[PDB]
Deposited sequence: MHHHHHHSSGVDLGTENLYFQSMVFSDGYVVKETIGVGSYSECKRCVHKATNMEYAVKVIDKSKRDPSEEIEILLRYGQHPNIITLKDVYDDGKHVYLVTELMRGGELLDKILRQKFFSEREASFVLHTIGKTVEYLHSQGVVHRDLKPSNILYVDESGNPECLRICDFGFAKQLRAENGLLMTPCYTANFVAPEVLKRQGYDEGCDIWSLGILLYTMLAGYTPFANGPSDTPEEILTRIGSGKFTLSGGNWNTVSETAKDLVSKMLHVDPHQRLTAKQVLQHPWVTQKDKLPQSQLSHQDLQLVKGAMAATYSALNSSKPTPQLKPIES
């Protein structure tokens, strides 16, 4: 407030608005998440970011303010925009580059799960690039407002080390699964565009069925299909763990992966179908 000048708005949720701000002292660009305390308690979000925000692929918390009415999360500015914008447009993209994306993200989720943290909102729009390079190491997971830290009755933090978290972890993997599905197919598994109704989408999701043939799937590697189908398994307690995903041949034997560009559908269609899919899911939640 006294040390940042607020610029344009980047995005905006029902409890918070993210905007671009500039540090006065050093004149460097950052992002501030402005949260209305009198509507939400970001308490767990702030703790998680302070504790695990040092992980290279988790957005970094750089300053926290609480003038009383609002809470201000200052973080690194994601200049590279969202994942999908990148991989569906500017950037050369084959199974090889996709495996790196999954590996970077899946590795960060595996770390989080091991610490007893579930994200619960791993939609593609929450995965951003810190810069315009499109390099895997530049990926950041960016919105921990639904994230939950596993706790004992008396508040004690706990690790899976020491059925709701197995259900919650499965949700993080399912999200990874549809992102994977999209990167490979160039379309989303349960929606055809932004105008799909919750009815169409939830029926498809409920059936536990999705296409792994036709279109790109006709040239996509058999082991990628194997992996996607185990990440998207209908019974949440039968999906792979993050660890098992990282141990899949599609992730570990990258030199065997095809290196030809992947076909994809219009970017606005794909992001639209993706938003409709998570809107449908929030509905039944």
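Gaps in the model relative to the deposited sequence occur at 1-25, 188-197, 321-330, listed in sequence order.
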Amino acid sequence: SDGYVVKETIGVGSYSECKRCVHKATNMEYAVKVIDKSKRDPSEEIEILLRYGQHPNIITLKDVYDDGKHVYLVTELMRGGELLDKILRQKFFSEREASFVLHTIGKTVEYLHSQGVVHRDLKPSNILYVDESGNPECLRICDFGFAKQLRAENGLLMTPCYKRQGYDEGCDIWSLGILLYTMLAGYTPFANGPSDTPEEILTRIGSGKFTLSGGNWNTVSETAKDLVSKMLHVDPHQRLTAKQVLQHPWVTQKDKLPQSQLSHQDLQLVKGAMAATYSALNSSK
From here on, numbers count along this sequence of modelled residues.
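For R40, the fraction of other compared entries lacking coordinates, among those that model flanking residues, reaches at least a third. Among the other PDB entries of this protein that were compared and that flank it with modelled residues, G68 is left unmodelled in a third or more.
Mean CA temperature factor is higher for 31-39 when stretches 31-39 and 217-225 are set side by side in the entry. For the pair 197-205 and 73-81, the record assigns the higher mean C-alpha temperature factor to 73-81. Comparing the C-alpha B-factors of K62, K243, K254, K230 in the entry, the top value falls on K62. Taking the PDB entry at face value, the top CA B factor among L262, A273, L267, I10 belongs to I10.
Placement of the Cα temperature factor of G145 within the chain: highest third of the modelled residues, per the deposited record. Per the deposited record, the Cα B-factor of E132 falls in the highest third when ranked against the other modelled residues of its chain. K86 sits in the middle third of its chain by CA B factor, as recorded in the PDB entry. Sort the modelled residues of the chain by CA B factor and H248 lands in the lowest third.
In the deposited entry, the Cα temperature factor of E153 sits in the top third of values across the chain's modelled residues.
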